[PDB]
Amino acid sequence: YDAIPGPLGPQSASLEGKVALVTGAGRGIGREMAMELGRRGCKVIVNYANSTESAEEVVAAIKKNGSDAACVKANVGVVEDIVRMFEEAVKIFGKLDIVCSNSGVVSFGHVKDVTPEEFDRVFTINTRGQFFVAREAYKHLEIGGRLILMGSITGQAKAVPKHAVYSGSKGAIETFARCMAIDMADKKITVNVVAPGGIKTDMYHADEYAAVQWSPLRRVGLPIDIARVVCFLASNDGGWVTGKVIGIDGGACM
Amino acid sequence: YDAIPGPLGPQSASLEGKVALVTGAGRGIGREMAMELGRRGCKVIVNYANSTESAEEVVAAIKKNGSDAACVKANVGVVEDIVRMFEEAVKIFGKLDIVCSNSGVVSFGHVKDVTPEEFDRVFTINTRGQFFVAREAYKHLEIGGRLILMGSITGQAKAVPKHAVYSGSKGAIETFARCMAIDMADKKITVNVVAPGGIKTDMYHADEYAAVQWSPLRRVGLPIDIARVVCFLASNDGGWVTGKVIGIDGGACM
Amino acid sequence: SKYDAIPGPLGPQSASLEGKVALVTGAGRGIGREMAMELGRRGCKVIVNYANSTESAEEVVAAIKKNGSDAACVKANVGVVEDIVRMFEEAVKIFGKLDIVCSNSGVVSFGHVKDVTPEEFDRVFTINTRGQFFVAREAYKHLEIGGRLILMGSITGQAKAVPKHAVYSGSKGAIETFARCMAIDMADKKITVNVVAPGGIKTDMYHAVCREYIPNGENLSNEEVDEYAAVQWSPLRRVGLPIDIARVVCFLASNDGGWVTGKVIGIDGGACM
Amino acid sequence: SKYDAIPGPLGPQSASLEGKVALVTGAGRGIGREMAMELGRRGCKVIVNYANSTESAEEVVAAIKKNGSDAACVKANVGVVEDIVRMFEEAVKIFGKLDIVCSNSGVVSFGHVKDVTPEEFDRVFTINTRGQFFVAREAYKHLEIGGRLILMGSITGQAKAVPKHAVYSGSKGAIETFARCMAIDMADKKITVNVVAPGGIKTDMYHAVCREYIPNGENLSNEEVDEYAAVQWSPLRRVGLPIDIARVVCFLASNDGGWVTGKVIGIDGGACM
Ligand SMILES: NC(=O)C1=CN([C@@H]2O[C@H](COP(=O)(O)OP(=O)(O)OC[C@H]3O[C@@H](n4cnc5c(N)ncnc54)[C@H](OP(=O)(O)O)[C@@H]3O)[C@@H](O)[C@H]2O)C=CC1
Ligand SMILES: NC(=O)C1=CN([C@@H]2O[C@H](COP(=O)(O)OP(=O)(O)OC[C@H]3O[C@@H](n4cnc5c(N)ncnc54)[C@H](OP(=O)(O)O)[C@@H]3O)[C@@H](O)[C@H]2O)C=CC1
Ligand SMILES: NC(=O)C1=CN([C@@H]2O[C@H](COP(=O)(O)OP(=O)(O)OC[C@H]3O[C@@H](n4cnc5c(N)ncnc54)[C@H](OP(=O)(O)O)[C@@H]3O)[C@@H](O)[C@H]2O)C=CC1
Ligand SMILES: NC(=O)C1=CN([C@@H]2O[C@H](COP(=O)(O)OP(=O)(O)OC[C@H]3O[C@@H](n4cnc5c(N)ncnc54)[C@H](OP(=O)(O)O)[C@@H]3O)[C@@H](O)[C@H]2O)C=CC1
Ligand SMILES: O=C1OCc2c(Cl)c(Cl)c(Cl)c(Cl)c21
Ligand SMILES: O=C1OCc2c(Cl)c(Cl)c(Cl)c(Cl)c21
């Protein structure tokens, strides 16, 4: 039990030769996770449901940076798509080392106005979808693999009105991480959740206020702020971090 | 702002003349919530989905203790039932002061073995169902009302293997409570979650180990242990408690 | 099977504090005074501890007696462990037993971390943290089997946007961990240990430092402060009062709180700080 | 728009600590020594603080130099605020600047709450809590704009089943609140403040009190202890090592940790305590 796990020094942060799959990587945070993982030496499978041109654009940009990439279409709201996606994925690069479950949708509304269709739309993607991406990831990941789920500051936020559906769909992910860390540990896979505060993306648009209001550091959160933490968790540096929820919001209070 | 909210002294704990609706009150924890609320002076609407004979038995026992009660059949997995249930409910006693969302199902399985049907079965009742019972409760509750949702120690537990689905369905409730407390506060309704540890019920069966293992107090948790906290929250004593998660597990660590 | 035994009475009596003896530290003023009054109103005999406010302490004692319950004041400085030990010995000799201990005494403190002196850090922690721990140590020793220990925390223990409050906040955050750990130890006597964590509450502490939680509120009128506390710290749109806290303390102090141990109950009207 | 500016380098360089100067308290042994070594391995110049282990401190300093990075030891007792101030002044005069401060020094303590003495409580809090706060105060003052402050917590800050550990656990729990509050204050210099909360880690502290976290483990062999720690505290089935902690500290210390502030990162292999 004294045996050092992995390399001492900077190489422990290396993602060289790893293969990562990121869901919803054609745009926003998912796109930057893919770009950054690629820059650190990973071959990346860029999943998308709709944004096809965007997806091929991410794949091309990743190749331009020196790493192989490919895209796979799949809607996480359909478990059959998720199963197919992983089967396709492992055949592209031969194995899967890292899985970043990032696909998600936003929603707003006073609880009184929430319809079952809106609730179902959000939970099927943000919660159910991530659960099943996690199930398939467990099956296909290399022993010693990595699974990073997507949460949000709203999972624990205390002052966000008209956001019960969205927040609740994200809060659930935090418990999944704790519970899946136990189950998936039998293949030495760590399972963690990244919980971004506000981050500039299309979802975000739906700067000075965000800068001064949600951060003492006085700036806006960017996709790269999240991508960097994902790479840490995905590396050997994140080896003793499992079942945790990492808040990435610049010291926000919401 | 110096005006005292409600009566000073013991009367602040009184539930005399209140009308409460409890979901899944024909058995287990829900049955005891109904009995105890009744003993404290509440008229109780006993909801059930299947246990009809059990439901009428709870209603009869509550009457025998000195309070009026009635039962209403409704499956929380069907939002149409929930809407109907509340419409029926308010017509029985004329108003609704307290709503205890308690209906829930248990589930077990290593993440790898979870099917979409099992995941959906559990989330539709434990999460989606409670959300919609909450939505209708908001609509029908008296200004100054009370909404108590049902959680679990598993929402935050760290060592329960093969329980991602169940735990996650409960963890979501904790975020709902925080978010609904904001929305529902416009009618002065407090929203909280009770999170029981192991409690002796039918679900439980699925004593010395539970006694010594999950509690320094060295005994098993009972439905009344939960019912009592529910009554506190439901009373004027719980007036400044909103958006909170109250753990009721005798000091357990799971 | 023997575990099927119902702990305590079924029904409203489970919330009764009749014939209970409680001790409240810092009960001459603020939240502590109201805890004492409310506990007295629900049937408890109360030992009203105070360190300085003698006249106020006797006023609370007289008021509690007027409401129909016995009371007595005991002077003790929580920053001196010898005083606490002496206080508990005097307490059990006044009423014979101790069923409930409410550790409430505390001081507030403001200042950017860069400006904190070892003397200021020491002053706050000696009362808020060290003091509560030894009041707890003694409460464990003297409490009845099946007793109750309620510690005083604060929303600041978990708050994320309170600047210039590291010392005070940290002194209350420590209490949350004490509750979890002491709940284990004290359970060998069936004592439950919990923390009440209030948000802003109208008391002398409130008035003094209230403006220090409000961005550019140093020039706020008292009404603009109350109004700011009402709308800003609570969806319920009102200010927190000592009675809001006293009521939860009584719940925890009663048989209703029997399965509640090692917990932190936030009492802030749904505040985000 | 100006907020679209990317903070730091894109790619692997963002994890680089090249040309950084770090100070680690209690770096002569245990987790602190490894933090120093690993920081040194990633390109940092390190000030190895120690209070007693002089020979060990110079050994760490020599080892760091052998790995190709400069280092120097500074003696200071964290329980004495004057020592900490002097330590920071000496530190910035050795390497010219300070980019990273790792507050690691700490002592362990065991005992049922009833048996805790004011001297034992004071000994632990003066080093674990008071000491870390003043190392933090000074780190704020001397750190570069955009610096890093990593405080040492523990799984015990939130643990729910550790008996006879209220003093130690409480001293670490306070650190979690300090991080949230200091992150606000220290942000005016763009400094991020976080806490690393390890589970059981093989060091001298580990060996001594390990058996005190294991029910009836007082008669366990060293192997049965390691084996118990392996299976009992981690689904990953292995014991935690100083390097497991050092790696996370380096992440936080780098540009990768730029948006991570006011957080507590648990590093326990998924333990439940
Ligand atoms: N940006 C923010 O402020 C925060 C975001 N988050 C979470 O981070 C994640 C990324 O957010 P962000 O990048 O801002 O989002 P955007 O709205 O910019 O796009 C997010 C991604 O979700 C994908 N997606 C949606 N539905 C599906 C689906 N059914 N199957 C597969 N992929 C799908 C989209 O792909 P496609 O184009 O193919 O539809 C898109 O790639 C989300 O889960 C979000 O909830 C959390 C906190 C804050
Ligand atoms: N007992 C324990 O250890 C713990 C329980 N809990 C939660 O507390 C609640 C009560 O648990 P417990 O009493 O032990 O459970 P039981 O299994 O004894 O029965 C729970 C209740 O759920 C009701 N129910 C199930 N489905 C529905 C539905 N579709 N619509 C309406 N009611 C429904 C059942 O009614 P019916 O007969 O009509 O089907 C029953 O009344 C649950 O939500 C549970 O998850 C949380 C932590 C611990
Ligand atoms: N007001 C608020 O908004 C909040 C208050 N709290 C906590 O609640 C507790 C009481 O607060 P509050 O009533 O507002 O405070 P006040 O400022 O009104 O004073 C409260 C009590 O503290 C007592 N006290 C101070 N020092 C000592 C000491 N050395 N030994 C014994 N008793 C002492 C005082 O005694 P004496 O009469 O001798 O002066 C007084 O009885 C504190 O622990 C506080 O930090 C937590 C969150 C919010
Ligand atoms: N090991 C574990 O399982 C865990 C450890 N921790 C925390 O990590 C930190 C280090 O732990 P670990 O390496 O195991 O501990 P060790 O017992 O191995 O000793 C660690 C360091 O603490 C230093 N120290 C003690 N007192 C002082 C003082 N008064 N002033 C300055 N430095 C002092 C020691 O200095 P010196 O050489 O002079 O003796 C030593 O360098 C502590 O804060 C500890 O509580 C947290 C969780 C788990
Ligand atoms: O936690 C607290 O301790 C004292 C206090 C005051 Cl006096 C006020 Cl006004 C507010 Cl808002 C808060 Cl949150 C606190
Ligand atoms: O939190 C801790 O501080 C020291 C320590 C040791 Cl020395 C051991 Cl062995 C274990 Cl298991 C834990 Cl959790 C801790």
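Residue numbering: from 1, along the chain as shown.
Placed from the backbone N, Cα and C atoms, the Cβ positions cover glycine too.
Swiss-Prot has this to say about the protein:
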- A:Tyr166: active site, proton acceptor (ACT_SITE)
- A:27-51: NADP(+) binding site (BINDING)
- A:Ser152: substrate binding site (BINDING)
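Annotated features, which come from Swiss-Prot, shown on the structure.
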residue: A:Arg27; record: NADP(+) binding site; contacts (Cβ under 8 Å, 6+ apart): A:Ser51, A:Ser54, A:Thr201, A:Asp202
residue: A:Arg31; record: NADP(+) binding site; contacts (Cβ under 8 Å, 6+ apart): A:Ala25, A:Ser54, A:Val58, A:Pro223
residue: A:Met35; record: NADP(+) binding site; contacts (Cβ under 8 Å, 6+ apart): A:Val58, A:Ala61, A:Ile62, A:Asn65, A:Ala227
residue: A:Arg39; record: NADP(+) binding site; contacts (Cβ under 8 Å, 6+ apart): A:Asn65, A:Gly66, A:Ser67
residue: A:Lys43; record: NADP(+) binding site; contacts (Cβ under 8 Å, 6+ apart): A:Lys18, A:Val19, A:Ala20, A:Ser67, A:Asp68, A:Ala69, A:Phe93
residue: A:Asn47; record: NADP(+) binding site; contacts (Cβ under 8 Å, 6+ apart): A:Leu21, A:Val22, A:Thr23, A:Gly24, A:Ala25, A:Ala55, A:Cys71, A:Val72, A:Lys73, A:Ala74, A:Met85, A:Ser103
residue: A:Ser152; record: substrate binding site; contacts (Cβ under 8 Å, 6+ apart): A:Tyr166, A:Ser167, A:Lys170, A:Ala195, A:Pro196
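No coordinates are deposited for the 17 residues that fall between A:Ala206 and A:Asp207. The C-alpha atoms bordering this gap are 12 Å apart. Neighbours of A:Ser51 (NADP(+) binding site), defined as other CB atoms within 10 A of its CB across all chains, total 20. Taking 8 Å as the upper bound (exclusive) on CB-CB distance to chain D, the recorded positions A:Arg31, A:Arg39, A:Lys43, A:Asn47, A:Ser152, A:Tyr166 give A:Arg39 in sequence order. Neighbour count (other Cβ atoms within 10 Å of the Cβ, all protein chains): 24 for A:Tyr166 (active site, proton acceptor). Under the DSSP three-state reduction, A:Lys43 (NADP(+) binding site) is assigned to strand. Among the recorded positions A:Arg27, A:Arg31, A:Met35, A:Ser51, A:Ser152, A:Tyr166, the ones whose Cβ sits under 6 Å from an atom of ligand 1 are, in sequence order, A:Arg27, A:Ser51, A:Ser152.
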